[PDB]
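Read the structure below first, then the notes.
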Amino acid sequence: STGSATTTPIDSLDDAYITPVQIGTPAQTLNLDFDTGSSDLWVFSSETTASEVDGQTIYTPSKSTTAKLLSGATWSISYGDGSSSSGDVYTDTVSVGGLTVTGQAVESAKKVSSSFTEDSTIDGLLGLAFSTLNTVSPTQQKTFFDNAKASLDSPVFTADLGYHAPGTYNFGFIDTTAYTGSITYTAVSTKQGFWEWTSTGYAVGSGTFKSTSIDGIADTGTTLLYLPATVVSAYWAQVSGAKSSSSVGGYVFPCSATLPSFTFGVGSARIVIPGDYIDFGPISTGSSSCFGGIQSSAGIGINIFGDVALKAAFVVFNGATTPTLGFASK
Ligand SMILES: CC(C)/N=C1\C=CC=CC\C1=N/C(C)C
């Protein structure tokens, strides 16, 4: 089998992407944030504290003939951005772009943190990291991908995120029309539960390529590109008027400035992020100071190839017995 679904930016800045997901019988369609950096499929629901729901579409398990309480199961998660959610668990039928998994753990939120409430466009998350990170207790649950894997034509999914435009998540096949050149595959460590790999280096604009190993994760659920302070400083030093602002919480720059591209290495191959992808707009409405899309990972404890990087590429998440990652230009 295969599946194919369009993913759409939630706003004009590509702060995140939402993908429609069918849950239950009859289908309840929720717009979920596909997150290769986590492993829980959780949803706003009829069980979510009323004061914490503000415009989201909710899953109502009592209206699904295929929903079953996963008796005794609870979940609780906290994300890198400080957000969190928790609740109980149902199993139900879940479909993404024509691909159906029966008995998928659907984690129903009883509580969500303010950032989730405040974002009316995201109805929940669909985790696509390794199932070892799943927070369901006492019985850890499998991701949608892990459940679908054996049925897929090939045990892979692909992320093809758009710049200020929709893109595509495919399951079970590689669309050879969706990228240029060849796909370069690179090793993955699953030891921390992430799609963790090692970039071979970077270049800033037309500058010479610096060969250096940069461990990091391929994370569709993170907006920006977070890299070591050395690398990030080298980038922003090429932008007139750029500075790191403690009050704003990262590098900012005047949008009268022109942003250089940023290149990252995948083996001997190179993915080029255009300068425009690194502009995240005014720090506040009407401000002449813009927020940068490349930021320091210092303090996070890991480098993160988030949407800024991933949307410059066609990315293969290869879930074979030995997982790997593939990157192609597009
Ligand atoms: C890219 C997006 C998620 N973040 C921002 C986007 C625009 C403006 C200001 C700040 C900002 N993050 C700060 C709070 C660290």
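Following the order of the structure tokens, first chain is A, next is B, and so on, with residues numbered from 1 inside each chain and ligands from 1 in the order they appear.
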Tell me which protein, DNA and RNA residues are within 9 Å of residue A:7, counting only C-alpha atoms, leaving out same-chain ones fewer than 3 positions away, and put them as a list in words.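 Residues near the query, excluding close chain neighbours: residues 17, 18, 19, 20, 33, 34, 160, 161, 162, 165, 166, 167, 168 and 169 of chain A.
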Distance limit 6 Å, reference ligand 1, atoms considered: only C-alpha atoms and all ligand atoms. Which residues make the cut? Give them as a ChimeraX atom specification. /A:15,223,248-250,280,282-283,291
Please extract the residues of stretch 216-320 of chain A with a backbone DSSP assignment of strand (DSSP E or B) and present them as a PyMOL selection string. chain A and resi 216-218+225-227+243-245+250-254+262-266+269-273+279-282+289-292+294-296+304-305+314-318
Contact residues around residue A:164 with only C-alpha atoms at 8 Å, ignoring same-chain residues under 6 positions, as a list in words: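 My list of contacting residues is residues 9, 12, 13 and 14 of chain A.
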Hey, what does DSSP flag as helix (DSSP H, G or I) within stretch 127-222 of chain A? Can you give it to me as a PyMOL selection string? chain A and resi 131-133+144-151
Please list as an mmCIF file with N, CA and C atoms, in the first residue's frame every residue within 7 Å of residue A:257, counting only C-alpha atoms and excluding residues in the same chain fewer than 3 positions away.
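Written output follows (selection.cif):
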```
data_model
loop_
_atom_site.group_PDB
_atom_site.id
_atom_site.type_symbol
_atom_site.label_atom_id
_atom_site.label_comp_id
_atom_site.auth_asym_id
_atom_site.auth_seq_id
_atom_site.Cartn_x
_atom_site.Cartn_y
_atom_site.Cartn_z
ATOM 1 N N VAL A 239 25.586 39.203 7.237
ATOM 2 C CA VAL A 239 24.368 39.989 7.082
ATOM 3 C C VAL A 239 24.536 41.340 7.752
ATOM 4 N N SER A 240 24.503 42.391 6.938
ATOM 5 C CA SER A 240 24.670 43.750 7.425
ATOM 6 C C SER A 240 23.647 44.075 8.511
ATOM 7 N N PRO A 254 17.955 43.619 9.965
ATOM 8 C CA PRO A 254 17.051 44.542 9.272
ATOM 9 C C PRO A 254 16.608 43.916 7.957
#
```
Quick one: residues within 9 Å of stretch 259-261 of chain A, only C-alpha atoms, excluding same-chain residues fewer than 5 positions away - as a JSON list (two decimals) with N, CA, C and O atoms, in the first residue's frame?
```
[["chain", "number", "residue", "atom", "x", "y", "z"],
["A", 203, "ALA", "N", 28.37, 25.88, 4.06],
["A", 203, "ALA", "CA", 28.90, 27.09, 3.44],
["A", 203, "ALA", "C", 27.91, 28.22, 3.64],
["A", 203, "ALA", "O", 26.71, 27.99, 3.77],
["A", 204, "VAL", "N", 28.42, 29.45, 3.69],
["A", 204, "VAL", "CA", 27.59, 30.64, 3.81],
["A", 204, "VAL", "C", 27.64, 31.41, 2.50],
["A", 204, "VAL", "O", 28.72, 31.83, 2.05],
["A", 205, "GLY", "N", 26.48, 31.57, 1.86],
["A", 205, "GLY", "CA", 26.43, 32.24, 0.58],
["A", 205, "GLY", "C", 27.36, 31.59, -0.44],
["A", 205, "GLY", "O", 27.36, 30.36, -0.59],
["A", 206, "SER", "N", 28.16, 32.40, -1.11],
["A", 206, "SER", "CA", 29.09, 31.91, -2.12],
["A", 206, "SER", "C", 30.43, 31.51, -1.52],
["A", 206, "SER", "O", 31.40, 31.28, -2.25],
["A", 235, "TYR", "N", 27.37, 32.64, 9.83],
["A", 235, "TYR", "CA", 26.29, 33.01, 8.91],
["A", 235, "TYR", "C", 25.91, 34.48, 9.09],
["A", 235, "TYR", "O", 25.94, 35.26, 8.13],
["A", 236, "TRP", "N", 25.53, 34.85, 10.31],
["A", 236, "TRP", "CA", 25.00, 36.19, 10.54],
["A", 236, "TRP", "C", 26.03, 37.30, 10.39],
["A", 236, "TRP", "O", 25.68, 38.45, 10.14],
["A", 238, "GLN", "N", 27.68, 37.65, 7.91],
["A", 238, "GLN", "CA", 27.58, 38.04, 6.51],
["A", 238, "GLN", "C", 26.33, 38.84, 6.20],
["A", 238, "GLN", "O", 26.04, 39.12, 5.03],
["A", 239, "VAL", "N", 25.59, 39.20, 7.24],
["A", 239, "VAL", "CA", 24.37, 39.99, 7.08],
["A", 239, "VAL", "C", 24.54, 41.34, 7.75],
["A", 239, "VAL", "O", 24.69, 41.43, 8.97],
["A", 240, "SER", "N", 24.50, 42.39, 6.94],
["A", 240, "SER", "CA", 24.67, 43.75, 7.42],
["A", 240, "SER", "C", 23.65, 44.08, 8.51],
["A", 240, "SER", "O", 22.45, 43.95, 8.29],
["A", 272, "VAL", "N", 21.22, 23.44, -0.74],
["A", 272, "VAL", "CA", 21.32, 24.89, -0.63],
["A", 272, "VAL", "C", 19.99, 25.48, -0.17],
["A", 272, "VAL", "O", 18.97, 25.33, -0.84],
["A", 273, "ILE", "N", 20.02, 26.15, 0.98],
["A", 273, "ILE", "CA", 18.86, 26.86, 1.49],
["A", 273, "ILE", "C", 18.92, 28.30, 0.99],
["A", 273, "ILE", "O", 19.83, 29.04, 1.35],
["A", 274, "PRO", "N", 17.97, 28.71, 0.14],
["A", 274, "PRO", "CA", 18.00, 30.10, -0.35],
["A", 274, "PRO", "C", 17.85, 31.11, 0.78],
["A", 274, "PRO", "O", 17.18, 30.82, 1.77],
["A", 275, "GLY", "N", 18.46, 32.28, 0.61],
["A", 275, "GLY", "CA", 18.40, 33.33, 1.61],
["A", 275, "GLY", "C", 16.99, 33.65, 2.07],
["A", 275, "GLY", "O", 16.76, 33.85, 3.27],
["A", 276, "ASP", "N", 16.05, 33.69, 1.13],
["A", 276, "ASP", "CA", 14.67, 34.03, 1.46],
["A", 276, "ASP", "C", 14.05, 33.09, 2.50],
["A", 276, "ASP", "O", 13.18, 33.50, 3.27],
["A", 277, "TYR", "N", 14.52, 31.84, 2.55],
["A", 277, "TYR", "CA", 13.95, 30.85, 3.46],
["A", 277, "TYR", "C", 14.29, 31.19, 4.91],
["A", 277, "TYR", "O", 13.70, 30.64, 5.84],
["A", 278, "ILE", "N", 15.26, 32.08, 5.10],
["A", 278, "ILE", "CA", 15.83, 32.36, 6.42],
["A", 278, "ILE", "C", 15.18, 33.61, 7.04],
["A", 278, "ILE", "O", 15.48, 34.00, 8.17],
["A", 279, "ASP", "N", 14.25, 34.21, 6.31],
["A", 279, "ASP", "CA", 13.53, 35.40, 6.78],
["A", 279, "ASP", "C", 12.23, 35.00, 7.46],
["A", 279, "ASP", "O", 11.34, 34.44, 6.81]]
```
With a distance cut-off of 10 Å and only C-alpha atoms, select the neighbouring residues of stretch 211-219 of chain A, excluding the residue or stretch itself and same-chain residues fewer than 2 positions from it, and output the selection as a ChimeraX atom specification. /A:34-38,128-129,188-189,192-203,208-209,221-228,231,264-265,297,301-307,309-310,315,317,325
Output N, CA and C atoms of each residue in that selection to a file, as a short mmCIF file (atom, residue, chain, number, x, y, z; two decimals), in the first residue's frame.
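This is the output file part_12.cif:
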```
data_model
loop_
_atom_site.label_atom_id
_atom_site.label_comp_id
_atom_site.auth_asym_id
_atom_site.auth_seq_id
_atom_site.Cartn_x
_atom_site.Cartn_y
_atom_site.Cartn_z
N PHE A 34 2.59 17.00 11.45
CA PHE A 34 3.43 15.82 11.30
C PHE A 34 4.83 16.13 11.82
N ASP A 35 5.27 15.37 12.82
CA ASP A 35 6.44 15.74 13.61
C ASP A 35 7.46 14.60 13.66
N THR A 36 8.50 14.68 12.83
CA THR A 36 9.54 13.63 12.82
C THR A 36 10.46 13.70 14.05
N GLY A 37 10.20 14.67 14.93
CA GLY A 37 10.93 14.81 16.18
C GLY A 37 10.23 14.28 17.42
N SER A 38 9.05 13.68 17.25
CA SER A 38 8.34 13.05 18.37
C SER A 38 7.55 11.84 17.90
N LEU A 128 6.41 11.03 14.06
CA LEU A 128 7.05 10.18 13.06
C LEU A 128 8.50 9.88 13.41
N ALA A 129 8.90 10.16 14.65
CA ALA A 129 10.18 9.68 15.15
C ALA A 129 10.05 8.19 15.52
N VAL A 188 21.89 6.87 9.96
CA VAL A 188 21.05 7.35 11.05
C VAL A 188 21.39 6.62 12.34
N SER A 189 21.47 7.36 13.44
CA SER A 189 21.52 6.76 14.75
C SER A 189 20.15 6.88 15.39
N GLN A 192 18.88 7.94 20.36
CA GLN A 192 18.08 8.91 21.11
C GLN A 192 16.63 8.95 20.65
N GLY A 193 16.26 8.03 19.75
CA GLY A 193 14.89 7.94 19.26
C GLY A 193 14.57 8.87 18.11
N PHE A 194 15.57 9.61 17.64
CA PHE A 194 15.36 10.59 16.57
C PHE A 194 15.93 10.10 15.24
N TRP A 195 15.55 10.78 14.17
CA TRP A 195 16.23 10.63 12.89
C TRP A 195 17.51 11.46 12.95
N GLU A 196 18.51 10.90 13.63
CA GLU A 196 19.74 11.61 13.95
C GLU A 196 20.83 11.21 12.97
N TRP A 197 21.49 12.20 12.39
CA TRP A 197 22.45 11.98 11.32
C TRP A 197 23.59 12.98 11.46
N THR A 198 24.58 12.90 10.59
CA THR A 198 25.74 13.78 10.68
C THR A 198 25.97 14.48 9.36
N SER A 199 25.74 15.79 9.34
CA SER A 199 26.04 16.60 8.17
C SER A 199 27.55 16.71 8.01
N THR A 200 28.00 16.84 6.77
CA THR A 200 29.43 16.88 6.49
C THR A 200 30.02 18.29 6.46
N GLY A 201 29.17 19.30 6.68
CA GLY A 201 29.68 20.66 6.76
C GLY A 201 28.74 21.72 6.23
N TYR A 202 29.26 22.91 6.00
CA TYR A 202 28.40 24.02 5.60
C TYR A 202 29.14 25.07 4.78
N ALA A 203 28.37 25.88 4.06
CA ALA A 203 28.90 27.09 3.44
C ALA A 203 27.91 28.22 3.64
N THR A 208 33.45 29.46 0.68
CA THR A 208 34.00 28.11 0.54
C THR A 208 33.35 27.17 1.55
N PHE A 209 33.21 25.91 1.15
CA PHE A 209 32.59 24.91 2.00
C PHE A 209 33.55 24.52 3.13
N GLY A 221 8.89 18.91 12.86
CA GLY A 221 8.11 19.60 13.87
C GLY A 221 8.78 20.82 14.47
N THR A 222 9.99 21.13 14.02
CA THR A 222 10.70 22.33 14.45
C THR A 222 10.77 23.29 13.27
N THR A 223 10.46 24.56 13.52
CA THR A 223 10.35 25.54 12.45
C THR A 223 11.70 25.91 11.85
N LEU A 224 12.68 26.15 12.72
CA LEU A 224 13.93 26.76 12.29
C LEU A 224 15.09 25.77 12.19
N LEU A 225 16.22 26.29 11.74
CA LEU A 225 17.46 25.53 11.68
C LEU A 225 18.33 25.93 12.87
N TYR A 226 18.60 24.99 13.76
CA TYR A 226 19.40 25.26 14.96
C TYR A 226 20.74 24.55 14.86
N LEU A 227 21.82 25.33 14.87
CA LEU A 227 23.15 24.80 14.64
C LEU A 227 24.12 25.36 15.68
N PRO A 228 25.35 24.80 15.77
CA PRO A 228 26.27 25.32 16.79
C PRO A 228 26.55 26.82 16.65
N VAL A 231 28.89 28.14 13.87
CA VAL A 231 28.32 28.11 12.52
C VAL A 231 27.34 29.27 12.34
N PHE A 264 24.21 23.11 3.42
CA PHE A 264 24.67 22.04 4.32
C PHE A 264 25.04 20.78 3.55
N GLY A 265 26.01 20.04 4.09
CA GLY A 265 26.51 18.85 3.43
C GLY A 265 25.76 17.59 3.79
N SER A 297 21.89 26.44 18.50
CA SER A 297 21.39 25.30 19.25
C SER A 297 21.96 25.23 20.67
N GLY A 301 21.03 21.18 23.41
CA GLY A 301 21.70 19.91 23.63
C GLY A 301 21.75 19.05 22.39
N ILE A 302 21.20 19.56 21.30
CA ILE A 302 21.22 18.84 20.03
C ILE A 302 21.02 19.85 18.90
N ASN A 303 21.62 19.58 17.74
CA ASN A 303 21.36 20.42 16.58
C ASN A 303 20.10 19.95 15.90
N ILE A 304 19.34 20.88 15.33
CA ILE A 304 18.06 20.51 14.73
C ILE A 304 17.93 21.04 13.32
N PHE A 305 17.87 20.12 12.36
CA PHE A 305 17.54 20.47 10.98
C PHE A 305 16.02 20.51 10.86
N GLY A 306 15.46 21.66 11.21
CA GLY A 306 14.03 21.87 11.17
C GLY A 306 13.55 22.27 9.79
N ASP A 307 12.34 22.82 9.73
CA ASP A 307 11.69 23.09 8.45
C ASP A 307 12.51 23.97 7.50
N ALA A 309 15.64 24.04 6.92
CA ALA A 309 16.54 23.17 6.18
C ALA A 309 15.79 22.14 5.34
N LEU A 310 14.83 21.45 5.95
CA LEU A 310 14.15 20.35 5.27
C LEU A 310 13.37 20.81 4.04
N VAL A 315 13.17 14.85 1.18
CA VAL A 315 13.79 14.08 2.26
C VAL A 315 13.14 12.72 2.42
N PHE A 317 12.76 9.42 4.63
CA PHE A 317 12.92 8.79 5.93
C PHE A 317 12.79 7.29 5.70
N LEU A 325 18.65 8.18 6.15
CA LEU A 325 17.99 9.38 5.64
C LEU A 325 18.52 9.69 4.25
#
```
